[PDB]
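Peer 1: Following this: a sequence and the matching experimental structure.
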Amino acid sequence: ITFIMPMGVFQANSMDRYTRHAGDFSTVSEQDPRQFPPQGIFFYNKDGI
Amino acid sequence: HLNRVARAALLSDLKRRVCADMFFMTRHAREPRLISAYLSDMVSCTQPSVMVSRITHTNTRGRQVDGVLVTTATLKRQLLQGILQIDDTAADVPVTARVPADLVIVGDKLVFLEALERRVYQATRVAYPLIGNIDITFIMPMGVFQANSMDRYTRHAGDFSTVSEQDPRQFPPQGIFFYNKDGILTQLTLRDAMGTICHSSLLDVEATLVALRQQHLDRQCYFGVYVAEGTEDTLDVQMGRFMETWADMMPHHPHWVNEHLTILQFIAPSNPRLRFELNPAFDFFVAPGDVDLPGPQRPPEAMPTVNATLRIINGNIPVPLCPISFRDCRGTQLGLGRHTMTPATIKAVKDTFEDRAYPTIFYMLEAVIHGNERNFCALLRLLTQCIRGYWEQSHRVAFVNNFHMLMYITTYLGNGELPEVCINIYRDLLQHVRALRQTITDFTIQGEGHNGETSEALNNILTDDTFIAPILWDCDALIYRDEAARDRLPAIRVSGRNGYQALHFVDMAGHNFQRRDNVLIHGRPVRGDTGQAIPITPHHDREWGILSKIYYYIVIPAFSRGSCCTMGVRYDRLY
Amino acid sequence: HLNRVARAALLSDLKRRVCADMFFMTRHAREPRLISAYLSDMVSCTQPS
Amino acid sequence: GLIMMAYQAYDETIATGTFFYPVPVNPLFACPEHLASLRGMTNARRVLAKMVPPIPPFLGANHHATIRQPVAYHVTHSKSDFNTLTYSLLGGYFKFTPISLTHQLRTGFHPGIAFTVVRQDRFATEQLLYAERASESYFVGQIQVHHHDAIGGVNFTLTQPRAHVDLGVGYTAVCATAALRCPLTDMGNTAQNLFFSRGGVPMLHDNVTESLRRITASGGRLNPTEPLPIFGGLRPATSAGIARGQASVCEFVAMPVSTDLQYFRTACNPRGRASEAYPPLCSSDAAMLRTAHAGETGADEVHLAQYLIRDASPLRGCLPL
Amino acid sequence: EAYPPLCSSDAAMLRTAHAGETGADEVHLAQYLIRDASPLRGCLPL
């Protein structure tokens, strides 16, 4: 079985840059380290790592 | 014979099987299906044996029993209550007969469920087996912190807020919480580390130096691992041949400069400096063989060895290993309630520091006065006029460089000679400095001194007498340094010759600009007599050195950000 | 005769067993499995005669 | 000497290098651009200085000076604030000596190093064993007796030999650890003292070691006896009833404050490299542990700077909270 | 057709994808969490 895995897709729509709750992932930095476009993908190994 | 790759896959299979189940029966006690699956796997995991039998053991029906399982009655009851099914109460047994004996079906084959604990091992002094025990190693990190700014993320931004302006959450971790065996909260504090790290065994690096001395050591750069002596000169041609040698003595990029690597980049196996980090308190570097430090101007060439020095500063570890973000976090943690600098004073200080068009007249005055109270006592009007003229033309506070010039201003020129804003800025900077000193005092413990060293000098570095400021104008700090320790082996070197003379009150009649010996101009005391044989006394108390070192090592570098430079002066041309 | 430390470990076992079960019938009334476990422990705790 | 703040080479009213010559000896005060003040300025020296600070050896080398390269890199590459920068510089300006470390640990300051804790346990283990029907052949001999004279009378000893043979093709029996019951050991918090051990190089000053020993004795649940009996193992002092069983020691192994944290999330190696210690559930904050009880079935890892790691030890579905 | 398994574009959403409050999130601001569409729905325990 061959898997498919997108790597760097970005949401251009300003409508779609929405969250579950506004302050979900915030930091002490003035600028959220979240506005930035994605550059990596995370998944699990077969043992859960 | 599935070779290496599949043997390692099998190895990982055993890894996960071991990690998954050692106490499974008490683990998934509320999931009856899992226990049945594990028993079915166990019974269907061993190959059978020879089927030979003349008269065998069977149930009452007649079907032959096929095995026996041994445990203690506790798991007999726990399995029999709701997990496994009764087959019968008795069985047919040979006599070389009907005997009550439980038996249970699992998988597809019938097996005895024996927990023989009652017919034997009572009122006898032999311990029951199957009570083996176990010894597991548990791992607890203590103070691991995340350097990445992206990793300082939470589930909800407003999870844990307080009435304090600053979150009591930015602070790095210093304790670990876990549960006792009965469920009670347990806490480990950083004070508990003294049982392991706070011993004398920290300085047994002799074995590692001897062991690492016998590896492949090639010839490398001798710039950062060599110390020389002064060549008894006016420091000009010294710089000359220094630059001439320096421009071409590089064999490659130094191993102690490439601080730009991250943790991952520094930890890459191709990193040559990966192997040169052994002890957190020790710096290991390559040094020549049979060379006494300090050596001559030209380093002798021989087989390079390994030499190690103690890390006095906790920040001497590379910045990949000591993140700047962590340093900022703990620095914010330090002065939570301490005095801060007003926006006016900070903007003025930064603007005057980054003033490229700074006139050299102030530098002339600072060099001529050379941090002497006698000089300042006669230039009140000139200094006032100069500072006023430089200030009310671009709103920049001057005369900030020389530390023996600001306190003179705030003391003498403090009743209203200068504009109220300037003296306010000087006083606010002094308040920041004394707040830093008070913070130093708070974080040290008093009442404990060893070998005649006070607690302040025993804990902090800026309070230590042995360490000296980058620039010294008088001989008071040198006297304090070479009098305070008396156990630290001292070696003072002033451009060649060892030891100073400290001759003060030099005039135009005996100016002698071409002096090469160890006569140090201590300067004329104001509230005293110069004389010729009068012993040299410090111009100020010991706290003066503390304030000077604190200012030079805190205020100057934090504002300049590695832009200002220290250099000598040419009095033969200036005068 | 497991001396002082193990006697105190047993003492803490008594502590937890006392705090755990004084009204278990009305406590875990919705958990039929626990009650059978308690009765099994009760009946298999006294030696015969 | 003198310090001049902003280097100027475009001020042509005064000749370059008329009153001062750049002779900087400080890692913090490296001035690659100020070097153009001195005569004999070439492109090669500037190219070398753009990466390497020019510091004389006859005034201290970087490896041998107290102030080193990383503090200069920190002060030259950090742009957050100035109050915070000053306090960070002050906090870095602390000695790393054991006495200083004791001072910060008793104070509350966090040194730029972390630790890991290893604790030993002993659990009562049940073994679950199934073998076979025909797994062992068991021979029996004939009973024989020996009449032996005794004190009050005589002793009759009954002797009968026998032998066992495993007539199995492969592994007949399999036994595996099954049950836990009550933990005979303690899941407590007792640091593993190092002052018991002998063999390391002593400090040249006896009073330093004595003070460190006395401060280690304070705040430690197990400590050496004051008389320090020679020619012996230095047994710990006698005590009253230990709360809930034999104490479990905890040793400390150090690492930088920024260590890959997700490594500690799973069953990792005590040394740190595949070449394993099971980590049970742990919290670096008081809040994290009590919110780890699955308040809204919710488990968290990092809030801002601390960490909350779940259980990876075999004690997952055991030990009710 | 290639079956896309469960994935996240940052470490945060992948660790929150364990159904922390039974909650599967998809996008926070611009990074994404694509759930499992591969046949390994009820397999491979985490």
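Peer 2: Okay, I see it. Numbering: from 1, shown residues only, chains lettered A, B, ... in the order given.

Peer 1: contacts and neighbour counts: CA atoms only from here.
Peer 2: Will do.

Peer 1: Shouldn't residue D:46 be within a helix?
Peer 2: Yes - Residue D:46 sits within a helix when classified using DSSP: H, G, I helix; E, B strand; the rest coil.

Peer 1: dump the residue contacts of it.
Peer 2: For residue D:46, the contacting residues are D:32-33, by CA atoms under 8 Å, 6 or more residues apart in numbering or on different chains.

Peer 1: Then the one 10 residues further on?
Peer 2: Contacts for residue D:56 (CA under 8 Å, 6+ apart) come out as B:242, D:24-25.

Peer 1: Repeat the analysis, applying 7 Å as the threshold.
Peer 2: Going by CA atoms under 7 Å, 6 or more residues apart in numbering or on different chains, residue D:56 touches residue D:25.

Peer 1: Ramachandran coordinates for residue D:101?
Peer 2: phi -60, psi -40 (degrees, to the nearest 10).

Peer 1: Just give the number of residues close to it.
Peer 2: Neighbour count for residue D:101, taken as other CA atoms under 10 Å in any protein chain shown: 23.

Peer 1: now residue D:32
Peer 2: Residue D:32 is flanked by 21 other residues according to other CA under 10 Å.

Peer 1: how far away is it from chain C?
Peer 2: Applying CA to the nearest CA, to the nearest Å, the value for residue D:32 to chain C is 68 Å.

Peer 1: helix, strand or coil for residue D:85?
Peer 2: Three-state call for residue D:85 (three-state DSSP): helix.

Peer 1: The residue of the stretch 151-300 of chain D at minimum distance from chain A and residue D:57, how far apart?
Peer 2: In the stretch 151-300 of chain D, the residue that lies nearest chain A is residue D:266 (8.0 Å; CA to the nearest CA). Distance, residue D:266 to residue D:57, using CA to CA, to the nearest Å: 48 Å.

Peer 1: Test my guess that residue D:172 contacts residue D:132.
Peer 2: Yes - the criterion here is CA atoms under 7 Å, and residue D:172 meets it with residue D:132 at 6.0 Å.

Peer 1: Between these two, which contacts overlap?
Peer 2: With contacts taken as CA under 7 Å, 6+ apart, residue D:172 and residue D:132 have no neighbour in common.

Peer 1: Count the residues that sit near residue D:47.
Peer 2: Neighbourhood size, residue D:47 [other CA under 10 Å]: 12.

Peer 1: pretty sure the residue of the stretch 151-300 of chain D closest to chain A contacts residue D:312?
Peer 2: Yes - at 5.8 Å, residue D:266 counts as touching residue D:312 under the criterion of CA under 7 Å.

Peer 1: Pull up the overlap in contacts between these two.
Peer 2: Shared contacts of residue D:266 and residue D:312, defined by CA under 7 Å, 6+ apart, comprise residue D:279.

Peer 1: Is there a neighbour count for residue D:147? I'd like the number.
Peer 2: By the criterion of other CA under 10 Å, residue D:147 has 10 neighbours.

Peer 1: Hmm, residue D:156 and it touching each other?
Peer 2: Yes - applying CA under 7 Å, one finds residue D:147 in contact with residue D:156, separated by 5.0 Å.

Peer 1: Closest residue of chain A to chain D?
Peer 2: residue A:27 (7.1 Å).

Peer 1: mind listing what that residue touches?
Peer 2: B:152-153.

Peer 1: Tell me who's in contact with the residue lying closest to residue D:243 once chain neighbours are set aside.
Peer 2: In space, and not counting its chain neighbours, residue D:243 is closest to residue C:8: 6.0 Å by CA to CA, 6 or more residues apart in numbering or on different chains. Contacts for residue C:8 (CA under 7 Å, 6+ apart) come out as D:241-245.

Peer 1: A strand includes residue D:99, no?
Peer 2: No - when classified by three-state DSSP, residue D:99 is found to be helix rather than part of a strand.

Peer 1: Tell me, how many residues neighbour it?
Peer 2: Applying other CA under 10 Å, we find 20 residues neighbouring residue D:99.

Peer 1: same deal with residue D:234?
Peer 2: Neighbours of residue D:234 (other CA under 10 Å): 16.

Peer 1: So for residue D:266 and residue D:57, which residue has more residues nearby?
Peer 2: Applying other CA under 10 Å to residue D:266 and residue D:57 shows that residue D:57 carries more neighbours, namely 23 against 19.

Peer 1: distance of the more buried one from chain E?
Peer 2: The value you get for residue D:57 to chain E, if CA to the nearest CA is used, is 48 Å.

Peer 1: Quick check, central residue of chain A?
Peer 2: With distances taken as CA atoms, centre = their mean, residue A:38 lies nearest the centre of chain A, 5.9 Å away.

Peer 1: Residue D:236: what's it in contact with?
Peer 2: Counting by CA under 7 Å, 6+ apart, residue D:236 has contacts D:222-225.

Peer 1: hmm, which of those are the buried ones?
Peer 2: Neighbour-count burial (16 or more other CA atoms under 10 Å in any protein chain shown) applied to the contacts of residue D:236 gives D:222-224.

Peer 1: which one is residue 48 nearest to, not counting chain neighbours?
Peer 2: Going with chain A. Among residues not flanking residue A:48 along the chain, residue E:46 sits closest, at 5.2 Å (CA to CA, 6+ apart).
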